[PDB]
Protein chains: 2
Amino acid sequence: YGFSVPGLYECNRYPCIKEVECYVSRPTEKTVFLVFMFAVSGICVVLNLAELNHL
Amino acid sequence: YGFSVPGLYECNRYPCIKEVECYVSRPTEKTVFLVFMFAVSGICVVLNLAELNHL
């Protein structure tokens, strides 16, 4: 997923003719959610590594 | 105008986004009309040239 959800998409899949432009819903909220989940997962990883090192 | 009227057109003019496809009305009748008018004009040209040469 990367780190952001763009507000525009360029699509060239059948049956669409050549290239078409499509518009996403609530890109900013989804970006915030993505970043927050990444941060929480990183914290979990750090704590797990600390425990494993302690052992 | 050339010698034919194609049935499809590719248009990339503002405000159209990128490139779009458009469809023409009665391409075949227009092609026939174009060719017929060209032939008649050619006959007229030939006759006029013959007259001028005769002079």
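Positions of Cβ are backbone-derived with ideal geometry, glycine not excepted, and every protein chain shown enters the neighbour counts. Computed from the coordinates by the stated procedures, all read-outs in this text should not be read as laboratory data.
Counting from the shortest, the label point at A:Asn12, 7 Å from Cα toward Cβ, is 1.2 nm from the same position in each remaining copy. Please give me the summed charge of the neighbours of B:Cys11: other residues whose Cβ is under 9 Å from its Cβ, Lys and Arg +1, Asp and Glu -1. Residues near B:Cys11 contribute -2 overall. For chain A, trypsin sites (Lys or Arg not before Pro) are listed when DSSP marks them as loop and at most 14 other Cβ atoms sit within 10 Å of their Cβ; the list is A:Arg13, A:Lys18.
Expressed in nm², what is the orientationally averaged projection area of the convex hull enclosing the Cα positions of chain A? Walk me through the numbers before you get to the answer.
Working: hull surface 21.4 nm².
Hull-based average projected area comes out at 5.4 nm².
Sorted shortest first, the distances from the B:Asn48 label point to those of the same residue in the other copies are 8.8 nm; each point sits 7 Å from Cα along Cα-to-Cβ. When Rg and the Kirkwood radius Rh are both evaluated on Cα atoms of the protein assembly as shown, their ratio Rg/Rh stands at 1.53. Each label was represented as a point 7 Å from its Cα along the Cα-to-Cβ direction; for B:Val45 and A:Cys22 these points are 5.3 nm apart. The helix-only estimate of mean residue ellipticity at 222 nm for chain B, built from DSSP H runs of length n ≥ 4 each weighted as -39500 (n - 2.57), is -18500 deg cm²/dmol after division by the residue total. In a simple Cβ point-charge model (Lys, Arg +1; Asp, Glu -1; nothing else charged), the protein assembly as shown has a dipole of about 140 debye relative to its Cα centre.
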